[PDB]
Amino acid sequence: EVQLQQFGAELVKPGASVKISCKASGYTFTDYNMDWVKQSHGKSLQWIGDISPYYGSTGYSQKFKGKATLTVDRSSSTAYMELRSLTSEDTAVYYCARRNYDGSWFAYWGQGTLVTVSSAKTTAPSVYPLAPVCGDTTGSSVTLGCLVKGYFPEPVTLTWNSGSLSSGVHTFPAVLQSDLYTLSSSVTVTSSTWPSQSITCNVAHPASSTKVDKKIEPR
């Protein structure tokens, strides 16, 4: 079975460079070029460049020429892509891939390495309760939330009432901004249920050994 093995993720600072690897097995490394492709979050596939592992010669799209440098280590059957002078525009998944016999289509893909660019060190979240504005208890359901702000790196875990309240929950994907992540979560319950009954956001951030239970109190 052909394998193109990539690490799942790398973390790099703005202005630094990073060298991503792609180890080939299950075929003869120097029989085929290695290609590389960028995919920004929610966006399409972009060709970066390719390299001939036997000769070391390379080709690049004009968009990435000079941002990416491709190399190989024949003895370890490994292809490398070095990205230079990183900015937040470089945060994306980077695939290696290998074409078919005649170099027309992409026969095999790596899993892609997520490269995250951030200057932050490990940072504990601030966890804030989100309670409704008073007066307009409206009618039927009430929505509460939890804001988990300014942490680094991923991941966090968030539950409601220690996992007992799981229906009517939306936990939103984290977003990176100014080097730190922010995450939120909503939970919706019948309006007669709260605040007569307690609802609590449980947040853990393993990297900082943070664990917080924030009860949502009417405001």
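All residue numbers are counted from 1 along the displayed sequence.
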Ranked by mean Cα B-factor in the entry, 191 to 199 and 13 to 21, top stretch is 191 to 199
Higher of the two mean Cα B-factors (99 to 107, 126 to 134; per PDB record) comes from 126 to 134
Note to self: of 184, 61, 57, 161, the C-alpha temperature factor tops out at 161
Based on the PDB entry, the highest CA temperature factor among the options 166, 46, 171, 69 is that of 166
Binned into thirds over the chain's modelled residues, the C-alpha B-factor of residue 157 lands in the middle
Temperature factor at the Cα of residue 141, chain-ranked in thirds, falls in the highest
Entry-reported C-alpha B-factor of residue 91 relative to its chain, by third, is lowest
Sorting the chain's modelled residues by C-alpha B-factor and splitting them into thirds places residue 119 in the middle
Entry-reported C-alpha B-factor of residue 52 relative to its chain, by third, is middle
